[PDB]
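Okay, so we've got the same protein chain twice, two forms, each given alone as structure tokens, structure 1 and structure 2.
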Structure 1
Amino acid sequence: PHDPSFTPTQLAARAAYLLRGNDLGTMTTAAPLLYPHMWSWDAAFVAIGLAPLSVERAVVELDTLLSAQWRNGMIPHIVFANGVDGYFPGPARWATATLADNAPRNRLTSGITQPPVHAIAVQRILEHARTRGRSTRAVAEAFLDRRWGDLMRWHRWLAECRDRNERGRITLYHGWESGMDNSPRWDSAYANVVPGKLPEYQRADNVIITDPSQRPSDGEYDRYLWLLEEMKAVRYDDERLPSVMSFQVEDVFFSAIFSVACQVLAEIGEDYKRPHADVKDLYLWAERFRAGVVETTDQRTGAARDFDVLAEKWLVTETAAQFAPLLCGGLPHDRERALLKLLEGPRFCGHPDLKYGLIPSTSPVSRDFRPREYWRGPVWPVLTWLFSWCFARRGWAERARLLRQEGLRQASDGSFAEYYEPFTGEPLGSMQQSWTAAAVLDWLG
């Protein structure tokens, strides 16, 4: 009636209820119907949301993801649930099971990767487990014994195979690998993608989300799906992608995440007496990718740019990815103040028409802005959580607190929406999105 919002305990309960309801047994779908499988960075956030509920189950979630890790160390961005249809492109379209020599034998996966937030989830599990007593600590420590080597191979694959020239930035061969499918970041790179004979297909996502304004266009999907054909043609061989892919970009937000994840994992390695050589490698990558992020930055505002490897051009756009350097640190004092000022001012969090004091995925004042259209504008709870947690790690306690507070206010409708209209607060995308519930559980758990 007069106020449709939930109290903190009611909201925490519905968040946990949601998360258990998306559990298939050993994996959690990223949403009920739109994403009926395990997505890689979603699964790290699900593990974070599970840690206040069951350390054992949170560990299971990462165990399931890491059991799908490729032989060369890549964590694919989708681990498909057996027998489940309703997401396209599904296992048959990817054909990694028949074409990818490195794909796991016991799991169906996609053929591309996604950002390495996984060490952050590991840290949250360890922190929860240390508050829960000896037996729970044992569970978390046993997971480190089992999986430390796999997490290293994951970070090592990114540093060695997606940063071949040691530039300190991660090359993507698909926009899906950024986690921001249709970001304006990738428009000029996608304009150079020219599909050949693209095998017929039928989208599934817009059968579930029928409002065309909330999802990418058919033309975008044509390009998404053609890049799959380019990878398939070389059997997903790492060595051949630089020669054949029509899409090759350095992703500065992915890179900043990687810098933070390496430092987090390095600290975990020290605390739990992992091999010194590993910790040394992790610190080395943390510093290399921090520097690689800073090298992209605008000299006036500190804003980070992506880089189009094929066009050899800095990609200048007005999305939340510009704030990559706030995540990993490294800007000189004066430029970081400039970047925080851009973040808080009227092009982003301080825009006068915003319902909440939150970061829109694209600036409302950019010509690229579309208030409903996926990564072209809407406010994403997963980004609110990531910025808030990284800001607290920088020591910006009040800044982190304000993002968390506004994020809880936006989530208090209980829709657990994928993303929200920046001006009206209308829930968009899939309802009951697992990583939105997990953001809420962490903020309250």
Structure 2
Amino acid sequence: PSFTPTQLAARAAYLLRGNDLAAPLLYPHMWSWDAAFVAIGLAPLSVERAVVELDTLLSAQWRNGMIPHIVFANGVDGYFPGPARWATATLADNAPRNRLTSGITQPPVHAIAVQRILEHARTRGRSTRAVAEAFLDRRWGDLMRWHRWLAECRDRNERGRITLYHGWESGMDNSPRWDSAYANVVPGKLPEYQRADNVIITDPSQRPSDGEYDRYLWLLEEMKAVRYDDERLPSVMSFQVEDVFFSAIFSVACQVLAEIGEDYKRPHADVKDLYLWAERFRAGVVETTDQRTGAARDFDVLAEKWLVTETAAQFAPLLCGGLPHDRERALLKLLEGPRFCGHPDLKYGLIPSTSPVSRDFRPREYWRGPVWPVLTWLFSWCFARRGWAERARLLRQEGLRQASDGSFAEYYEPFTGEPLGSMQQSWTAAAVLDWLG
């Protein structure tokens, strides 16, 4: 029990303020994903600072609503791919006037962070209440424009699933999920840049698991060749796969944002649209599932085949609901049984990223096996929102038990508990702070 709940919350917040304190090289840029989770970690201790994190992200939102996956603080510190590689400032009609951003997106966890800010703000008085109210007044339209872009421009055919054009957009790129989609990307001659002819991809979780690095950059070249135009990307992109996990998060996020719109008297037509997308994508997720187990499947749009992999993404339906009782029960059995949380070799009953009995299991490599506390955080938060109060409590209790040595790595070896790596911000610290406070 190396840290008590107060000591652990103190250590988590210290490891979110980032000052003084192997660790990773920290860059000044801002990540869509990290921003949402820092906001969730911040809301317990500072609503103002949580609001500033989202305000800063959202001021880099594209004019069509897309939130890009990175916002660069500059173009000289050698981050790759950087502003020079993406070139959205000159190429994309919708890149913002005064911000440098990438040209891909990231899962819509943002409405979850907004809900955390508003919930914590309501218990804190008048001044802080008005800070959260002011944020909502200033950013509701932008959150709506983000959800509307995903629904209209990444579900052009109203199938209720979000289409990804890069594994990087999933949040879960070093994963078995995409291996077969990526295997059909065959790159040509990459153009000549001023960067080296072999520049290392800076974020190591974004490196391809087999150094097939041209594949990843070739997708960028296809995006740039149509200037990131959402109307033209389906004609030229070599990677087009409907991500069923992203889709379920989107459904949850639409339901959360609708409930926010009703609690805070937002325009009724927006609430209706939000409710409608939430049910559209709930059905889209369910449409992918196995008839026996309920497991969700990603869909390779180009290959026209259900991708079949044994990762945590299978459990997408448990986040957003929609399964019939029998198949939801089936799927919970899978989640809690020996292929996942009940695998007898696991040190803790957190969710492994890939099933230890899968052929693709790699106990040390990112989402191919290792345990990520932020994944268990997300399930526990979604379970509580679905009414699975005691399932949510047991996950939270298990996440805290694992986190209480105060290591705060972002992923751990699923059998030995060894901490395996840290991200730019500590998603695990944010998960622990939300769990405790």
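Whichever C-alpha set is largest while still superposing within 1.5 Å between the two forms counts as the rigid core. Every residue number counts along structure 1's sequence, beginning with 1.
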- Out of 221, 323, 143, 157, the position with Cα displaced 2 angstroms or more between structure 1 and structure 2 on rigid-core fit is 221
- Message: Once you overlay the rigid core, does the Cα of residue 35 travel 2 Å or further between structure 1 and structure 2?
- Response: yes
- By the 2 angstroms cut-off, has the C-alpha of residue 374 moved between structure 1 and structure 2 once the rigid core is superposed? no
- Query: Aligning on the rigid core, do we see the C-alpha of residue 208 shift 2 angstroms or more between structure 1 and structure 2?
  - Reply: yes
- Note on the structure: Superposed on rigid core, residue 78 CA travels between structure 1 and structure 2 a distance in Å of 0.6
- Query: By how many angstrom does residue 416 shift at its CA between structure 1 and structure 2 when the core is held fixed?
  - Reply: 1.1
